[PDB]
Amino acid sequence: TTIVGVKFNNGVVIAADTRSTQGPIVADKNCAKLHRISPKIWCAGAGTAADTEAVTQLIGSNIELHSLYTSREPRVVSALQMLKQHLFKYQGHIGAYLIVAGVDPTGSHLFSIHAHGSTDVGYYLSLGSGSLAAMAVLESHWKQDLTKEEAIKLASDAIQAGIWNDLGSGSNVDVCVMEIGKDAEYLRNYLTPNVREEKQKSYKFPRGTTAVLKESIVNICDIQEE
Amino acid sequence: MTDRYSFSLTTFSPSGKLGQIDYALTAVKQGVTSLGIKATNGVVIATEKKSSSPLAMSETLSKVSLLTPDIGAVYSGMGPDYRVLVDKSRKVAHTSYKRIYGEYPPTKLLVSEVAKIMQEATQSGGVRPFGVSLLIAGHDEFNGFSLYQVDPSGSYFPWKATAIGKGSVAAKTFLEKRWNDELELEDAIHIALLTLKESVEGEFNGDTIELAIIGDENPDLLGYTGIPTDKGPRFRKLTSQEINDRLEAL
Amino acid sequence: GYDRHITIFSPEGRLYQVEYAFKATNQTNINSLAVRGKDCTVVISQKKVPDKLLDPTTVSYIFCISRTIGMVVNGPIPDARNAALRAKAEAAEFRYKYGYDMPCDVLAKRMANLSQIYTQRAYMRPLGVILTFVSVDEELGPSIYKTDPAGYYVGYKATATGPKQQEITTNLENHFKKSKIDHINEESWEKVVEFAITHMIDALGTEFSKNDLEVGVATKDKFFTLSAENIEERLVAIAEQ
Amino acid sequence: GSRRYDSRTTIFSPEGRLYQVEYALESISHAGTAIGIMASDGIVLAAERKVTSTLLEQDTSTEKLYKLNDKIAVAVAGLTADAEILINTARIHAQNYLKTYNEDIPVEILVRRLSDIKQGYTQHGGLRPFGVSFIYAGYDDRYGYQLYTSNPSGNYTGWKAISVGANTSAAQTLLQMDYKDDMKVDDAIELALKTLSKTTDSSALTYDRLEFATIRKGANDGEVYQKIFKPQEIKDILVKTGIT
Amino acid sequence: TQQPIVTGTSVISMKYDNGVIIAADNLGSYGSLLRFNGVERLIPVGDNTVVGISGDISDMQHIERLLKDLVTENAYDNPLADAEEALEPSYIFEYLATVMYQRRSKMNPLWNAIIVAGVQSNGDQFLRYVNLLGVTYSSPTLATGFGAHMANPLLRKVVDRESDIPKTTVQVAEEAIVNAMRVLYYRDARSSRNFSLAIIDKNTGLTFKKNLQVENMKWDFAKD
Amino acid sequence: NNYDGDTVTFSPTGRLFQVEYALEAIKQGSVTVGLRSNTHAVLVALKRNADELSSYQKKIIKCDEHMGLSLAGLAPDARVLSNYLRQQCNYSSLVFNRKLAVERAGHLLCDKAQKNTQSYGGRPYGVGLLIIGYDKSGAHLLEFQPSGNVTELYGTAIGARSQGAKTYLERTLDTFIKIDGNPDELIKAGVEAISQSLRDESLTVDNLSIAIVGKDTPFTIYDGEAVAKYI
Amino acid sequence: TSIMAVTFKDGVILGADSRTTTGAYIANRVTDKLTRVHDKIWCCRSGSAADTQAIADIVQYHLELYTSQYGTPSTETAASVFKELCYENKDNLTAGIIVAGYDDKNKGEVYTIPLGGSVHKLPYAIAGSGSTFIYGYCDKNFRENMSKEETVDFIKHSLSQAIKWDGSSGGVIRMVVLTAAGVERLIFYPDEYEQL
Amino acid sequence: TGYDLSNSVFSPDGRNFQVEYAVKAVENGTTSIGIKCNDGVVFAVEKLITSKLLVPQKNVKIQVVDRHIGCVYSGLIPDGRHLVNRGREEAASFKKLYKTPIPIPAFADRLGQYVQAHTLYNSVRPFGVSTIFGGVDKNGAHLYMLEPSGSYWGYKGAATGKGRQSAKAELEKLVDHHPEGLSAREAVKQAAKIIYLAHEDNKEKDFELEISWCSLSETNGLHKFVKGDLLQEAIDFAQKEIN
Ligand SMILES: [Cl-]
Ligand SMILES: [Mg+2]
Ligand SMILES: [Mg+2]
């Protein structure tokens, strides 16, 4: 997994690859790692995939209720505080490593979070097995006062570094841009540089190839009238 | 200390009446009128913003509340009781449904959960019943548009159109003459404004009336783009200006 | 007639214990007033020290709940301090859990919800107090939110509480009918305090010395109370025009 | 302290009656009449909704007839909210039994369980009883088609034909007169509707004031089907039996 | 179960004709790092008792707070708190011994070795030991850690049995204690030059000496 | 009247009637006397029988080697309170190697009784106690009331007709306080004190109960022929 | 971590490096290890980042609630709250915290709370992995009642050496100055302190 | 009616009658006072000698909390002891967490909230005592008085019990005649006089005087009982003034 977060002029961008693995085997080739905590607060997760997904939805649920209770749009610092206290209580047993980004009435924010509960602030961050490849690109090309177009370019370039150089990462680049005073734009499969080539042969079988012992209709309908 | 009231405060009288529930319904009767009308392509719920003082900012007091993106609620009776019920209803929509099925509950089942909470305050130890009647409007994929009334006893009924509180008897008669199964949402809003004018004494404008609809999906109110299946909330609260525009065509 | 002793419905759908808690609210015979400026929120309250053996510096019904939120109370001091301690605990917990300062309106709602519970649960009595919360909110600006024993709460452009609330309320209403704006159009908080004291003098028909008043001021990022000498400077400016 | 305000819901009268149970039964006598009739080839459940309105959405409305599982249904007379609490508990019990034994719960076992819950509220806890009487219509492979009733005391009994709610004295006399053991479902449908038509406090019996259900082995071969009648289907059976 | 982090070394003590003497150095070690150089490990309780503590310093500070609370509590509703109903050395020890044994029984010990030195109401000398296991014992001389191995042999040459106590003056006893502290500084790698010494006498009361140093040392012979 | 249904209710004049009714149970109880010098402390108690076939109800209970009490009122309540004193004396000895001061024992009894006067559901204790003891500050005598009030005295009496013995001790105050180092004479004074409360009946061998504690005397109870010497 | 706090004539100054480490990988090179628990009571954190952040957030909550009830807390009080959390949860924590604060009555004060949860009041304190290499330097160069400029130089030079020898320490040197005048943040970059 | 049968019930006036009945028990008790001086506080109390058999100086009424706070009360003595026991727990937990001894205003609220809590439910009875307490902290001397309702304020002088009106009048004279302040030793003398003067409301039985004080200069900010020569000197000063 490769995930990054990059601050720019009027907001923040996060990105991620789309490969999920089970040991050396690729379980899903087009996985969605960019999660929504609230409309304008998004996070990307590395580590135990069920934990990142579950902890995001729990805090996202409680954030929604909090927003309704207070009649205010949710803040990134609230999501951060709730995430870190939950993760600290479970002493690292919930294996969620997250980059949390978003915009709120206070401004634009970018944080990272580690399974034990420690948090970090930054203008640029990376997490996952491909984080070193990504951070190499970020440390080479990041500057202050990036534009929206420059930040999207830098973020996706950092994910590409993970895709090509880290075996734990691959396939496509997902991006989400959160700009102040605008709707957050989720760009699913922003880049697609890994389409499989046409196979040499068709493996469609002639009908009747498989030996069959018994056939029967399965009743999926409910008990009938009359 | 400790709560030593572990016994019921609502009990059957010799005539079979549950006194505390009847008295709660009396409190609802004294409350300000609220109504609901169902159309073919939407539902409307409305009430009067009876401001306690002109120095009070009545926009900070919400009588019509979003429960889920596709479900809204209004009341007649005791305001504070309503406020805590909205808090509980919002939470139970998540804890007993969204955290299980990954989607918001259908209108009838959220109504069922709110009803259960109100029933328990009628039987549990050391509590009184809630002094409110609720009107809950909503939409969901398989049931379409719907409107429900929930009473202090916990009983709930589905309506095409209805009214509760102060002038409910007169308002329900007014709605019976005007309602048909071919109404469009704008027609239902028009009828809602006509019906509500009868029970209002003083000022009748966008600042003294609270009105919300369950209608089309509002992608402009979603807060993000990029997911085709997410198209936005069907609950929308009408602005002061939007109400006044429809009061000229009244 | 035990429907009058605990918080259950009477045959008229009324809660008598709640109504009687509203009456306890005026037991101190003190009137309070709150107004909003451009950048500030001001709250003033009468101060009465009837015993010469009392230490007058310890007699107060204004509380500093958090750095940003202030609270004035109308009602007996034991119930006032009960509510004050709880509000302080709630505000501190909120900041710890959600990472930002508890808004004035949110604290008001929370205390109103707690009050609602006392009207529904039999073993708990209502508190005989009305709580007026003030701040300069980072999102909503100058804010006044008031809670009562019924569990009701709402925002205010300005408000008044006490035995003579109606006289003060009507006086404030008439001013805002003239100006046609939702606040006191003044730059400094000093002049907003002067407005508040002047209009209380007009409404009650009484003059005040420095020891007859108690003043709280909310600005961006802090709420504070004025000393007797700060109030004296305010009274001198009022008399000189 | 708190003793002062305690009504003491679980005490005997000097005559050996349970006050709250008796008063809850008084409440139920004002509820809409529900009737159950058992035939050789099925069971009928018929019930009257209480004074309705033209603006009530009938096709999505349910106040009388509830499904507990695919084989068992109930007719309600009393506080609807109280009934739904018990109904949900009964639905869970049926599923618990199915999970444990991998067989559908026998009708009487479900009825006994709900009745025991009602009994508890009359002996301990100091809470008011549930103001509900049920008619249980169900089928299992031991006793076949079965009708039961339970009331706030937690007592339950089996029946060939029975009524609960309003005018049960009049209704039970009419059923006792026309019921026969070799009766069929179509005949029982007619008896149930005729009995409601005579006992009703309304001026006339129409489709919008009724809820109707049948449990038939009129399901294709050795299996049982529950049919909760739609508003139009209640209108048709009223014309067929010659009431409208 | 834990491990000691910041630790204090030997506490040494002995009886003499009119009272008791107790001593301990002012170091708080962090493993082999001699981290804290101004730590007081003798804690007086009233004017008749001095509690000397070795082992974990965080647990020592906890015990110090317990003793402070004990004095406060004893004064409550007690008109004779500074007279007949004052805290005795024997009361203070038994309380500590109870706590130590209870804590080891919950598998969560206070990682210390403690010596309570004092004089009772009737003038009797009190000297008793307790440690992290709740083990207790009394002797004319007592010492913890390294002191047990090096100080006791020297102090036992002065008072070898009970009958030697009346024959031992305060000057002879203090001299012996001071010499033992020098020997410990020569030979214990977790000791310091600076130490505190306390004398509890039935006639002259509690004398608490701070900022004492090991002096008259011999190294010269190292030039060969 | 309307304010005596439970212990949680003040009357309009600020009285607690359930506590006052509990006090009344003591007045129905048999007389018992307490007195002390500077070396010893003595309890004398008139035991009450049900009839001529029955035994005489025991009145004196030992709490420790240096402390004990006599009772008047509900005997089972005295058993509960004396058991608590036994435990507190015991806790002091085990944890602090310290004999529990008589004054501190009084404070503990006061606080235990108080909790039963301010809470719903409970009831006040229906017994009065006279506690004697010898500790580090010499001999002591305490009087306990179930209201919670505990008082340190030179001498006193509780129970039916206790006023006669109390007046006698008030006269004899200067004499019996000086009876140091003579246990027999101090008991004589106590037996003479309790005699001022007798009517119709006199002190017999199975009627009289005496207890003593002092400088070199553990708390010991005398019954039967052991008190014939004082009859 | 290389962290330290030093009292001087006008108050106290806290200093720290900016390196956060997961093994040999620098997970954050611009970390802020100087943490505010009250207006003029700050702390330096070392050990587990999760633990010291959790503790500092709880202390900030405790002192915010203290202030609402009893007014401004003393530095000693803040140190006590830190100690209570560190001592009672010693089995489950890996935290070494230095607490520094300015009162007007007490002026500048420094308390160090090592692993066990003990408290030690000192004129100055050093902690973290990098502190081992500057025990000699700091002991030789510390004086009481230094000026602001002298104390800044002492901390700058000390942490410079700690960074030079400890691989776990590095990045920028941050400082926070606590006096009657207020709160001042300072930052010093590698090109400055490496040439010292 | 019936509003006065249960605690925590509001009457139609908005009053808690059970709390008002607790005040009657306080008014029935012996006189106790408190005087705030230049650098501390003085407490004094009237002890009625019911009988010659009472051991003099033994039945001590004034109670210490921590080492710097003194407490005295009038009314039901056991209720006062229960309140002081709680106060001692509150002071211990404060010092445990925050290290510093509990400030007097902080301690005042702890007692206040606890007493107020006994007006919230019908399952408990209000306290039948008014408590005068105080001491020295980092901000100087403080004197407080706390009523059954939970209400408390700071005082220059305070009095409660059967002879409170007499005592209050005497305290008011001292406030007027000494705007600059009163010394600790003067306050002890004055406290003796006021109790002797207030004993006219309890003139049937004779009494025993008990005084305590906390002063920055005289007791190092610790609570101590006035004993021996200093007590006798105050008794003599008091006896001289009544004659
Ligand atoms: Cl809430
Ligand atoms: Mg209540
Ligand atoms: Mg380095």
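Protein chains get the first letters and strands the later ones, always in sequence-line order, with residue 1 at the start of each. Atoms within each ligand, like the ligands themselves, are counted from 1 in listed order. Scope of the values below: all heavy atoms of this structure, side chains included, with no hydrogens, waters or symmetry mates.
Using a cutoff of 4.0 Å between basic side-chain nitrogens and carboxylate oxygens, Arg86(C) and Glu90(C) are scored as salt-bridged. Electrostatic pairing of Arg121(C) and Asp3(B) does not count as a salt bridge here, judged by no charged N lying under 4.0 Å from a carboxylate O.
For the pair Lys88(C) and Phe63(C), the cation does not sit on the ring face, since its NZ or CZ is not both under 6.0 Å from the ring centre and inside 45° of the axis.
For the Mg ion (ligand 2), the tally of protein N/O/S atoms lying closer than 2.8 Å stands at 4.
Every pair passing side chain to side chain donor-acceptor pair (under 3.5 Å) that includes a residue from residues 96-106 of chain C is listed here, sequence neighbours excluded: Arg72(A)-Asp105(C). Sorted by first and then second residue, the pairs that involve residues 80-89 of chain B and meet side chain to side chain donor-acceptor pair (under 3.5 Å), not counting sequence neighbours, are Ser65(B)-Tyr82(B), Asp81(B)-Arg128(B), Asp87(B)-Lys109(C).
Not counting sequence neighbours, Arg99(B) has no partner by the salt bridge (charged side-chain N to carboxylate O under 4.0 Å, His left out) test.
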